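S.K.:
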Amino acid sequence: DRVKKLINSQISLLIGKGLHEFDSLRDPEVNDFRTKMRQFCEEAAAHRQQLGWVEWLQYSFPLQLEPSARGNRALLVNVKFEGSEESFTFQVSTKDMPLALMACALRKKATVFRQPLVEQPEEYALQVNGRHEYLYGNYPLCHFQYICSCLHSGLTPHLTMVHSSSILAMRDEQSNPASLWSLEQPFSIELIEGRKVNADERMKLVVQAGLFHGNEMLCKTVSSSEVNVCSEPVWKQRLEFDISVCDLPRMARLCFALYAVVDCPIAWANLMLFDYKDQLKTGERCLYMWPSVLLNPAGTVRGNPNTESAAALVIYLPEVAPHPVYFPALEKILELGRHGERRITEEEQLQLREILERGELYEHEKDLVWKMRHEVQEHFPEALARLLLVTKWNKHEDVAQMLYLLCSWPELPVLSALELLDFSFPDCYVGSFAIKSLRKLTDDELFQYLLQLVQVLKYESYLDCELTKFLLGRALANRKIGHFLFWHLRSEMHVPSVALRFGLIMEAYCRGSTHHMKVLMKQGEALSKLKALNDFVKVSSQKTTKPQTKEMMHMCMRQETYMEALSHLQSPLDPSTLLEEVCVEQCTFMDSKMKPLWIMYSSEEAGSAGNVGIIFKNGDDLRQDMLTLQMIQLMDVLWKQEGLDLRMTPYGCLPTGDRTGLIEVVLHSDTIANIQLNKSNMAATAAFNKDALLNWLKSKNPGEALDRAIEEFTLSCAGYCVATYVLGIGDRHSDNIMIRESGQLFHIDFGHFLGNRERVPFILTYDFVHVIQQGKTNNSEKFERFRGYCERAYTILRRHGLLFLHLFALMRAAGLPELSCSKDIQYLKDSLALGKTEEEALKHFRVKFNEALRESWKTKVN
Ligand SMILES: COc1ncc(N2CCOc3ccc(CN(C)C)cc32)cc1NS(C)(=O)=O
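Read in order, the letters of the sequence shown correspond to residues 107 to 177, 187 to 293, 315 to 398, 415 to 445, 452 to 500, 502 to 517, 521 to 918, 927 to 1032 in the entry's author numbering.
Pasting the structure below:
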């Protein structure tokens, strides 16, 4: 009673939408979703509460492994036991496993405490000090991201021996508190009227209507008659479509576009012809229209919630029978589809093989794919998508024949399944099949594609769907998946077209983890304070000097309400990172229009690794930055899987609200512009501005360390030259390029990509060529190694070209202005030269790299 009511108010506050608002809709689809998903998520919670202690570590602290390890050398490690000040430093091999390190620490504890211990190494796990990260399992130490990170930066790993009883105490502490196919007549509707229409009185109003199965028309579009512009237009007319009622596929959507003609677009509205319970819709429909920015088939099938101001179209769906009509059950479909004809010549089998291994077709090529559909299934199962695209979705007999093959189709690789999630495959059985083949995604692969899977929810026609159930089950089985699923949904609650769907998924998730709900509430409280703090800084920076606004920001942060809200939270950018003590004196803000905040933290428990920063931004939109950075990270994983480490810096970036988000601070780094300012009385001051970068590296890396820094610069420079070229990152200048004290170069500010439109050429800067060449004018040995790194990076990306294409195609659902159409996708197709052979693509890259070298030399002339 009192706990339920409190939890309900806590979910309302967390998701940014009162749960009573779901109840007020009196929507049976909303009610069934809420009841079935609450049950599903509570069942997941009960399974979790009884997990074994090692399984609970897999849930709460999933392993962070090196990409090359997924599916020798000496090392110094500092190990302590929980709640003990005392620690032990000892030598291990990078090939040693956590258990050997643990047995070693237990022998030391037994010698110091003078007693032969009862404890076996099997009863413990290794925590990374002051982090929600653990080392466990039969993996050598160098396979762990944390150990790998220490090895490269020279730092000593600091670990804590945590007993099973302590992990079990965590699990316990975090518990949830106790017949259609006979109807041959053409499809028709009555277009009754319009309400709250706003247009120029000199013009006339028209309603264009179309039937779609995804993006493809099921028949030609039909238009109403022209009627004089007014607030309440009255048509009362029959719109007849060239398709029989029996031929409407299950996922058929009726799409409307209201406009004014002398073309002046006004509004659009879509609806599914069948409901969530498979019933063919009849009766009057009031469609609350969305404003046009003509027909929008990809647009949401739910009405505009702003019923007070929105244009409304009133339609009538006729009663096609005196009894309700449902879409036929799978048994009936399989029965009709089971019947057909299966041959073809040795020459035409070569023609089919040619086009299936080849991707638009000519009409005759389509007919052969369809005729040879059984052979597509048995000998080319990976060509399923091609066959689905040749299926006549406007003929129920062909759809039955297609569904018959699909229902016995072998499971496809993850790559093939991602393509099938596109809106180009709108059928529900196709969608279910795609999810079935995605079930084999590892948590690491799932995390890599989570952003695209969340965007795909915007294409879904109904609330209760296989994709939502899949995402929820995986989120509830892995705390990190759960964390990012929550933030990707929460960051879009200000978007009315997704607020209901996203709000309902977050509620179900919360029912599955009351403890995680409170952990996320703590994060939301810090974000609420940062927004109030940022508003103060925006106002104050216009009235006074920078030192004054900064002192005022500090005084504001030092208030008890701010010190409480801003400290002791898991970072929204990374739940493994603990943001412990806010270091007010180190906090500041940037001089740009939105005055973003620079927030520093420290943790005595984590030591040096506890010194972390976040950038809070309110006013800018970080969605494209997050996507670009996720793509750069993916490049890093694919390169590392080929044994290529280009020493990349894919720092965290996460939208959290309406034009609000965080960016991970990379410490010990500066922009190229700041370094090239060549200030006097500094360790880097230069005789020639071209020496500035190398002198800065020299001051940071004395003696023998310079060699390693130049190499880190070269590797990262090759990675970023390739990444920015492939992704078409433009507006590159000295203040959006950074260098770490390690020598690593990295890019920032990804507000423009995919050419935005101009084809971005490969960029080679003389300043960077100068450092790669160790400061020498001529150094082809070092320069050409760098070219090899670029070529190797580029050829790896090309081999995974389809993965980038499939992911970017799914991202079109995000509604990013620079990722809206096929033209934007064509940019990636050209940058990766996907229509060519590897030798032709490498020849093309070489011409592009040489064109960038001749461009660079115009600066070398001076
Ligand atoms: C899209 O905006 C951003 N993208 C990335 C960063 N990074 C992330 C990595 O750590 C950094 C360390 C220093 C600087 C450069 N300094 C001048 C603040 C920038 C960054 C920062 C911003 N936004 S800002 C700070 O420029 O207002």
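A virtual CB, placed ideally from N, CA and C, is assigned to each residue, including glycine.
1) Look up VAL930 in the DSSP assignment and say whether it is helix, strand or coil.
2) Among the residues of its own chain, which have a CB less than 8 Å from the CB of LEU638, if the five just before and after it don't count?
3) Can you give the Cα-Cα distance for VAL109 and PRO292, rounded to whole angstroms?
4) Per DSSP, what kind of secondary structure is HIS278 in: helix, strand or coil?
5) Taking Cβ positions, are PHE323 and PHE377 nearer each other than 8 Å?
6) Pick helix, strand or coil for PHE203, following the three-state DSSP scheme.
7) Using a Cβ distance threshold of 8 Å, determine whether the stretch 254-261 contacts the stretch 753-768, with at least three qualifying pairs required.
8) Could you tell me whether any non-hydrogen atom of ligand 1 is closer than 7 Å to the CB of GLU988?
9) Compute every distance between the C-beta of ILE901 and the non-hydrogen atoms of ligand 1, then say whether any falls below 7 Å.
10) Opposite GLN732 in the DSSP bridges: which residues?
11) Do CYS438 and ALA335 count as a contact pair if the criterion is CB distance below 8 Å?
12) Have a look at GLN710 and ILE777 and give me their C-alpha separation to the nearest angstrom.
13) Would you say the beta carbon of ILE328 comes nearer than 7 Å to a heavy atom of ligand 1?
14) Going by C-alpha to C-alpha distance, which of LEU530, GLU513 and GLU525 sits closest to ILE503?
15) Buried or exposed, going by whether 16 or more other CB atoms sit within 10 Å of the CB of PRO231?
16) Within this structure, are the beta carbons of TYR882 and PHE908 separated by less than 8 Å?
17) Cβ-heavy atom distance between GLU826 and ligand 1 below 7 Å?
18) Enumerate in chain order the residues of its own chain whose CB-to-CB distance from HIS940 is below 6 Å, with the five nearest sequence positions on each side excluded.
19) Nearest by alpha-carbon distance to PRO864: which of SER904, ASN1020 and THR847 is it?
20) If you follow the alpha helix (DSSP H) that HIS267 is in, where does it begin and where does it stop?
21) Is it the case that the CB of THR886 approaches a heavy atom of ligand 3 more closely than 7 Å?
22) For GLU1009, which of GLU961, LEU682 and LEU157 has the nearest alpha-carbon?
23) Does at least one heavy atom of ligand 1 sit under 7 Å from the Cβ of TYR813?
24) Which residues mark the beginning and the end of the alpha helix (DSSP H) in which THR711 is found?
25) Thinking just about the alpha-carbon of each residue, which of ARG460, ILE491, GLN510 and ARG500 is nearest to the one in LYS620?
26) Can you look up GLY198 in the DSSP assignment and give me helix, strand or coil?
27) What does the alpha-carbon distance come out to for the pair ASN836 and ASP897?
28) Within 10 angstroms of its Cβ, does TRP1027 collect 16 or more other Cβ (buried), or is it exposed?
29) Sorry if obvious, but does the Cβ on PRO476 come closer than 7 Å to a heavy atom of ligand 1?
30) Tell me whether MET715, by its Cβ, gets closer than 7 Å to a heavy atom of ligand 1.
31) Mind the definition here: the stretch 270-278 touches the stretch 426-438 only if three or more C-beta pairs lie below 8 Å; say whether that holds.
32) Check whether the Cβ of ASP783 lies closer than 7 Å to any heavy atom of ligand 1, and answer yes or no.
33) With a threshold of 8 Å, are at least 3 pairs of Cβ atoms found where one atom belongs to the stretch 279-292 and the other to the stretch 354-362?
34) Can you grab the Cα-Cα spacing for the pair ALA175 / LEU511, in whole Å?
35) Going by DSSP, which residues form a beta bridge with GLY495?
M.R.: Reading from the atomic positions:
1) For the purposes of this step, residue 930 is taken as residue 760 along the sequence shown, with counting starting at 1. Coil, per DSSP.
2) To locate residue 638, count along the sequence shown from 1; it is residue 476. Cβ neighbours of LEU638 beyond the five flanking positions: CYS147, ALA150, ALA151, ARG154, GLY644, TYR671, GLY674 and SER675.
3) Numbered from 1 along the sequence shown, position 3 holds the residue referred to as residue 109. Numbered from 1 along the sequence shown, position 177 holds the residue referred to as residue 292. Answer to the nearest angstrom: the Cα atoms are 8 Å apart.
4) Counting from one through the sequence shown, the residue named residue 278 turns up at place 163. Looking at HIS278 - three-state DSSP - the assignment turns out to be strand.
5) If you number the sequence shown from 1, residue 323 lands on position 187. If you number the sequence shown from 1, residue 377 lands on position 241. Yes, the pair counts as a contact, with Cβ atoms nearer than the cut-off.
6) In the sequence shown, counting from the first residue as 1, residue 203 sits at position 88. If DSSP states are grouped into helix, strand and coil, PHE203 belongs with the strands.
7) The answer is no - the stretch 753-768 does not touch the stretch 254-261, with fewer than three Cβ pairs under 8 Å.
8) Looking up residue 988 in the sequence shown gives position 818. No - ligand 1 has no heavy atom lying nearer than 7 Å to the Cβ of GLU988.
9) Taking the sequence shown and counting its residues from 1, one reaches residue 901 at position 739. Answer for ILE901: no, Cβ out of range of ligand 1.
10) For the purposes of this step, residue 732 is identified with residue 570 of the sequence shown, where counting begins at 1. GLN732 is bridged to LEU740.
11) Start at 1 with the first residue of the sequence shown, and residue 335 comes out as number 199. Start at 1 with the first residue of the sequence shown, and residue 438 comes out as number 286. It is not a contact, given that the beta carbons lie outside the stated cut-off.
12) As a position in the sequence shown, residue 710 is number 548, starting the count at 1. As a position in the sequence shown, residue 777 is number 615, starting the count at 1. Using only the alpha carbons, I get a separation of about 20 Å.
13) Mapped onto the sequence shown, residue 328 falls at position 192. Using a cutoff of 7 Å, the CB of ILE328 does not count as near ligand 1, since none of the ligand's heavy atoms is closer than that.
14) Within the sequence shown, residue 503 is the residue found at index 344, counting from 1. Ranking the options by Cα distance to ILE503, first place goes to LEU530.
15) Locating residue 231 in the sequence shown gives position 116, counting from the first residue. Of the residues assessed, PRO231 falls on the exposed side of the cut-off, its CB having fewer than 16 other CB atoms within 10 angstroms.
16) Locating residue 882 in the sequence shown gives position 720, counting from the first residue. Locating residue 908 in the sequence shown gives position 746, counting from the first residue. Against a cut-off of 8 Å, the Cβ pair of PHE908 and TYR882 comes out as a contact.
17) Counted from its first residue, the sequence shown places residue 826 at position 664. Under cutoff, so the answer is yes.
18) Taking the sequence shown and counting its residues from 1, one reaches residue 940 at position 770. Excluding sequence neighbours, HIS940 sits near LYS852.
19) For the purposes of this step, residue 864 is identified with residue 702 of the sequence shown, where counting begins at 1. The alpha carbon of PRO864 has as its nearest neighbour, out of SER904, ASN1020 and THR847, the alpha carbon of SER904.
20) Working through the sequence shown from its first residue, we reach residue 267 at position 152. Looking at the DSSP string, the run of the alpha helix (DSSP H) that includes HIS267 is 260-268.
21) Absent from the structure shown: ligand 3. Ligands present: ligand 1.
22) Taking the sequence shown and counting its residues from 1, one reaches residue 1009 at position 839. When each option's Cα is compared against that of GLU1009, the closest is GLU961.
23) Within the sequence shown, numbered from 1, the residue matching residue 813 stands at position 651. Yes, the beta carbon of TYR813 sits closer than 7 Å to at least one heavy atom of ligand 1.
24) For the purposes of this step, residue 711 is identified with residue 549 of the sequence shown, where counting begins at 1. For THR711, the enclosing alpha helix (DSSP H) has its first and last residue at 708-719.
25) To locate residue 620, count along the sequence shown from 1; it is residue 458. The candidate whose alpha carbon is nearest that of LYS620 is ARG460.
26) The residue labelled residue 198 in the question sits at position 83 within the sequence shown. Of the three classes helix, strand and coil, the one that applies to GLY198 here is coil, per DSSP.
27) Your numbering for residue 836 matches position 674 in the sequence shown. Your numbering for residue 897 matches position 735 in the sequence shown. Rounded to the nearest whole angstrom, the C-alpha separation of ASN836 and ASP897 is 8 Å.
28) As a position in the sequence shown, residue 1027 is number 857, starting the count at 1. Result: exposed.
29) Working through the sequence shown from its first residue, we reach residue 476 at position 318. It does not: the Cβ of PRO476 is nowhere closer than 7 Å to a heavy atom of ligand 1.
30) Numbered from its first residue, the sequence shown carries residue 715 at position 553. Checking the Cβ of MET715 against ligand 1 gives no.
31) Between the stretch 270-278 and the stretch 426-438 there are fewer than three C-beta pairs closer than 8 Å, too few to call the two in contact.
32) Looking up residue 783 in the sequence shown gives position 621. Because no heavy atom of ligand 1 lies under 7 Å away, the Cβ of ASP783 does not count as near it: no.
33) Because the criterion of three Cβ pairs below 8 Å is not met, the stretch 279-292 and the stretch 354-362 do not touch.
34) Locating residue 175 in the sequence shown gives position 69, counting from the first residue. Locating residue 511 in the sequence shown gives position 352, counting from the first residue. As the crow flies, the alpha-carbon of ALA175 is around 39 Å from that of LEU511.
35) Walking along the sequence shown from the start, residue 495 turns up at place 337. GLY495 is not bridged to any residue.
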